[PDB]
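> Chains as they are written, first to last, in the UniProt record's numbering: chain E, 260 to 486; chain G, 9 to 62, 135 to 219. Using N, Cα and C, we set each Cβ at its ideal position, and we do this for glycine too. Following this message is one structure expressed as structure tokens.
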Amino acid sequence: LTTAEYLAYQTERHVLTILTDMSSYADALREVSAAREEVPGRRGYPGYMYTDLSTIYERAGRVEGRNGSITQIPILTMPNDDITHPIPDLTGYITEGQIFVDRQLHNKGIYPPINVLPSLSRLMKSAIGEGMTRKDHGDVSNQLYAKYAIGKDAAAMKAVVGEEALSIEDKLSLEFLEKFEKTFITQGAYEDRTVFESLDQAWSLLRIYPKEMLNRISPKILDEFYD
Amino acid sequence: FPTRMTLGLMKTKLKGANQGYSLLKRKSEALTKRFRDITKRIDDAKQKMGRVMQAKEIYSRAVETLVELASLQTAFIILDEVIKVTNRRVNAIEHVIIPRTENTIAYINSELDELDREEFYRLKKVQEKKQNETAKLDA
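Here it is in structure tokens:
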């Protein structure tokens, strides 16, 4: 962290910090707190850990007048595959947004299993729109989230109800969900795709659903790509 | 996995499955009665159509009613199939979903109670440690 700070405040360059197995660090801190015979918190964590964890999240951010940028991207393993744990809860509440990995999609055999439901980004606001990527960015993102959620509810419905995929809407929702899961969700590990390619792929993946089926898309966004 | 919110969602889904089970049961009963009446009507229509089988005009007003009765018969068969699906759904809402939800709720309750017991034990140990330290400093 001090190396990244020295890189940002002196060398003036883009720096990216990454902490591996932060869960072990939290367990170690909990051990040090336990050895001190102090008041233990959730999962044996320290009481001042809130300030400690913040100090781990304070290794990011840029400065005024500095061309360089330091951004910390820590990584930890949620205990018993539970994001409800104090470590993941604090990490999610402190930092803006979190990347969640589903075990089922990883057990599917497909490429990287990111769950869009739990996953979110607070920096996706100012980084979207025209001048950055595209004006169709935010709209297609919200539409993707809505389609994924609708597909999830349609999946739960498909589990509870019959195999008829609950009439029409839920069928197209489930189809689009599976399609986005087998294509948009898995880009491959050795493949690097641009934003335009992903936008075109999403435009092709959204062709299965009707134009009036998207309530998350505005009039301009609906008239954006008819190609 | 063992959270109070998850327990609430599971309990809500369980209650909803119960109400849905009752509704599906009543619907199965009504469908059974309707299919029964339509069955008796199907037998009556069978005897009626079997009355005259094997001349002048106006025969178009004859086979039409028989066609309507046939439509009622097919609708009765579809009603029987739908009643079967409803009965299957009721059977799936009885010993399957209900038992799974109950067992899951029980295990989750046990896990939560055990965790709370462990936390309370740790807190009691902390309080005992503080009390022991205070009693040691008092001397």
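Compare the beta carbon distance of residue 219 of chain E and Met-337 of chain E with 9 angstroms and say whether it is the shorter of the two.
No answer is possible for residue 219 of chain E: it lies beyond the span of chain E, which begins at 260 and ends at 486.
> Determine the extent of the alpha helix (DSSP H) in which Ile-480 of chain E is found, giving its start and end residues.
Unbroken alpha helix (DSSP H) run through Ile-480 of chain E: 478-481.
> Residue ranges of each beta strand (DSSP E) run of no fewer than 3 residues wholly in the region 282-328 of chain E, ordered along the chain?
none
> Is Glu-182 of chain G close to chain E? Criterion is C-beta to C-beta, closer than 9 angstroms.
no
> Name the two residues that bound the continuous alpha helix (DSSP H) containing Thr-350 of chain E.
345-353
> If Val-274 of chain E sits next to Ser-328 of chain E, beta carbons under 8 angstroms apart, how far is it from one beta carbon to the other, in whole angstroms?
7 angstroms
> What are the partner residues of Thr-276 of chain E, as DSSP defines its beta bridges?
E:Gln-331
> Can a CB atom of chain G be found closer than 9 angstroms to the CB of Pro-345 of chain E?
no
> One question on the structure: do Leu-464 of chain E and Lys-411 of chain E come within less than 9 angstroms of each other, judged by their Cβ atoms?
no
> By how many angstroms is the C-alpha of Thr-40 of chain G removed from the C-alpha of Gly-388 of chain E?
Computed Cα separation, rounded: 59 angstroms.
> Threshold first: 4 residues or longer. Then list the alpha helix (DSSP H) segments lying entirely within the region 430-476 of chain E, N to C.
454-464
> List, in order along the chain, the chain G residues whose C-beta lies closer than 9 angstroms to that of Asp-341 of chain E?
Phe-9, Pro-10 and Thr-11
> Are the CB atoms of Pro-333 of chain E and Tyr-316 of chain E within a distance shorter than 9 angstroms?
yes
> By the 10 Å Cβ neighbour count, where 16 or more other Cβ atoms means buried, how is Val-399 of chain E classified, buried or exposed?
buried
> For chain G, check one thing: does any of its Cβ atoms lie closer than 9 angstroms to the Cβ of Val-274 of chain E?
no
> Mind listing the chain G neighbours of residue 489 of chain E? Cutoff is C-beta to C-beta under 7 angstroms, in chain order.
No answer is possible for residue 489 of chain E: it lies beyond the span of chain E, which begins at 260 and ends at 486.
> Judging by CA-CA distance, which residue of E:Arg-272, E:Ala-418 and E:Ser-477 is the nearest neighbour of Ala-172 of chain G?
E:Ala-418
> Could you tell me whether the Cβ of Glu-174 of chain G comes closer than 9 angstroms to any Cβ of chain E?
Answer no: the Cβ-Cβ gap between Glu-174 of chain G and chain E never drops below 9 angstroms.
> Is there at least one Cβ from chain G nearer than 9 angstroms to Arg-301 of chain E's Cβ?
yes
> Residue range of the alpha helix (DSSP H) that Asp-340 of chain E falls in?
It is not in any alpha helix (DSSP H) - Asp-340 of chain E carries neither H nor E in the DSSP assignment.
> Could you please give me the residues that DSSP links to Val-360 of chain E through a beta bridge?
E:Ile-373
> Using 8 angstroms as the cut-off, can you tell me whether the region 191-199 of chain G makes contact with the region 283-296 of chain E, which would need three or more C-beta pairs spanning the two stretches below that distance?
no
> Establish whether the CB of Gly-351 of chain E and some CB of chain G are separated by less than 9 angstroms.
With a threshold of 9 angstroms between beta carbons, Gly-351 of chain E makes no contact with chain G.
> Secondary structure at residue 204 of chain E, three-state DSSP: helix, strand or coil?
A query on residue 204 of chain E cannot be resolved here, the shown segment of chain E reaching from 260 to 486 and no further.
> Of the choices G:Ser-151, G:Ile-157, G:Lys-209 and G:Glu-174, whose alpha-carbon is the least far from that of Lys-23 of chain G?
Between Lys-23 of chain G and the set G:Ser-151, G:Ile-157, G:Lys-209 and G:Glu-174, the nearest pair of CA atoms involves G:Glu-174.
> Closer than 8 angstroms by C-beta to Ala-267 of chain E: which residues in its own chain qualify, once you throw out the five before and the five after it? Chain order, please.
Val-274, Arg-321, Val-322, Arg-325, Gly-327, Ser-328 and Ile-329
> Can you round the beta-carbon distance between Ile-185 of chain G and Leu-15 of chain G to whole angstroms, since I take them to be within the 8 angstroms contact cut?
6 angstroms
> When Cβ atoms are compared, which residues of the region 192-206 of chain G fall closer than 7 angstroms to chain E?
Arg-202 and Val-206
> Does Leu-425 of chain E come out as helix, strand or coil in the three-state DSSP assignment?
coil
> Grab the span of the alpha helix (DSSP H) containing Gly-58 of chain G for me, first residue to last.
12-59
> Among all the DSSP beta bridges, which residues are the ones paired with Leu-379 of chain E?
E:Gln-357
> On the three-state DSSP scale, how would you describe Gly-390 of chain E?
Taken through DSSP and simplified to helix, strand or coil, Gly-390 of chain E comes out as coil.
> Who are the near neighbours of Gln-357 of chain E in its chain, counting only those whose CB is closer than 6 angstroms to its CB and skipping five residues on each side?
Shown here for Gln-357 of chain E: same chain residues with a beta carbon closer than 6 angstroms to its own, the five before and five after excluded, namely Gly-351 in chain order.
> In this structure, does DSSP put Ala-408 of chain E in helix, strand or coil?
helix
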